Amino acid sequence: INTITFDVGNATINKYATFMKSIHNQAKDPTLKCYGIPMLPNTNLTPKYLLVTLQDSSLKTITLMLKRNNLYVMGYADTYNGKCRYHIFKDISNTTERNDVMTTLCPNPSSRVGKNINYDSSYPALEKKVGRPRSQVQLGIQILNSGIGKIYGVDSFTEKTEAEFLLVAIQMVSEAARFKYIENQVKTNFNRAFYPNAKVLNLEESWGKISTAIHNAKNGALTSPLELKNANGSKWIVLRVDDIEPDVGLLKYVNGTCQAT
């Protein structure tokens, strides 16, 4: 719990941009890249996880634990009464993962309470909970800041207040780090709440396929054009890595050799 902190309460663009470069610099494999784009490491490369602390305007704090190999959030922690309260997702199930998650988040026994999250850590599960597709749930720097207050130190919040905060934090953190395009959308709408546009949604949903495509590209040309959606909703066919390259920040891990540059 020696972590990367983002002060959402007094965020500035230059602040958020440094917060993303920190995650990008700890999450990326030290050597693997494809066409200049860094790639995430295999699961055996320790640190296996990353801790990101989000702090609000009242110095309240919430730390998220992410698997480094893929950037998916495993659970989070806050402070309840005078103890570390870890909340893990229902889908985190290897028995060696939820304990690593519990003891990394709150490393002192009998000074921690568990408040398991009874649902899966995946878009459908969370959309279900808030009851509304993520396209209708706004994102924003003041939105994330408030979310923190609905959670920290309160014993009953609602699975809807919590899933909602998570949907926001996952995109403004994991999706933004994986895609330069999403980060730029946040930065572009920093001083306002906004809805993810057709392309932020398609990219989040297309991360694995985009990563395989770019890993497999021969001499810079995709082995198979890719049909993606663009901002305003229309088809968008990328035939080359340089067509998509400016939008991607971190490639999923695909084992094998690719054109380093």
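When you see a residue number, it is the position in the sequence shown, counting from 1.
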Averaging only over Cα atoms, indicate whether 217-225 or 50-58 has the higher B-factor in the PDB entry. 217-225
Look over 192-200 and 232-240 in the entry and identify the one with the greater average Cα temperature factor. 232-240
Whose C-alpha has the highest temperature factor in the PDB entry: 130, 173, 74, 84? 130
Can you tell me whether residue 148 has a C-alpha B-factor in the lowest, middle or highest third compared with the other modelled residues of the same chain? middle
Which third of the chain does residue 177 land in by C-alpha B-factor: lowest, middle or highest? lowest
Based on the entry's values, in what third of the chain does the Cα temperature factor of residue 104 lie: lowest, middle or highest? middle
Going by what the PDB entry lists, where does residue 2 fall on CA B-factor within its chain: lowest, middle or highest third? highest
Chain-wide C-alpha B factor ranking for residue 165, given as lowest, middle or highest third: lowest
